[PDB]
Every structure is written in structure tokens, then in C-alpha cells.
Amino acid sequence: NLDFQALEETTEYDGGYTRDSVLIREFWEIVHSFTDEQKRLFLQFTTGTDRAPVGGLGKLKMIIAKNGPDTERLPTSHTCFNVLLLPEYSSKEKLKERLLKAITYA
């Protein structure tokens, strides 16, 4: 449940994001550098549990959806659909900070 490269290979995008989005590439730079606990906390926040399904994280078919422009509001989640609701933050540093704060609340 730590192979986040397998997570990226199957992730799709919504709300205006594509795999070539600046925000999206910043995001994958961040989570690939996450620790093992931060990866599990991300899976719990986005999917509802830290356990990988059988077949690897690719079967989650995660979606990263842009839900707005730059803001101070934290990212939210839609666990039913494994969707991260991710505002288009103005920096990689802000994105990491807002994303970490959102997923460490548990």
C-alpha cells in the first residue's frame, strides 16, 4: 500500500486538471516524497481506509478533481468515488502544507 507509482499510473483527473497540469505534477512530486505514515494517511483520507485492495493501488482508480482556484480552504475528499477534491493552489509549498494539514487530522 506504499507503491504510489502504481497509484499514479491509474489516476485520472477532473474539474480542469490533466496529467500535465502544473498543480498535478507538483502533487505527485509531493506524495512520492511522503513517508510511509503520510502515504497511509492519504489513502485513508481519500479512500476511507489505508488497506490496499487486492490487485494493488491501481484498482482504486483515484480521481483528482479541481474544485476551485487558489484558496486557504483545505482539500476535501469523496471516499465513495476515491476522489481528492484539490483546489489549484498557487505554489507547491502551499499545496504540501494544505494537503498535509488535511490528512493529519486523524
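All residue numbers refer to positions in the sequence shown, first residue = 1.
Q: Of 52-60 and 72-80, which one has the bigger average CA B-factor?
A: Higher mean C-alpha B-factor: 52-60.
Q: Where does residue 44 sit by CA temperature factor within its chain: lowest, middle or highest third?
A: Within its chain, residue 44 is a highest-third residue by C-alpha B-factor, going by the deposited values.
Q: Please say which third, lowest, middle or highest, residue 34 falls into when its CA temperature factor is compared across its chain.
A: Within its chain, residue 34 is a highest-third residue by C-alpha B-factor, going by the deposited values.
Q: With respect to C-alpha B-factor, does residue 9 fall in the lowest, middle or highest third of the chain as deposited?
A: Middle third, going by the recorded CA B-factors of the chain.
Q: Split the chain's modelled residues into thirds by Cα B-factor; is residue 97 in the lowest, middle or highest one?
A: Its C-alpha B-factor, which the entry lists for residue 97, ranks in the highest third among residues of this chain.
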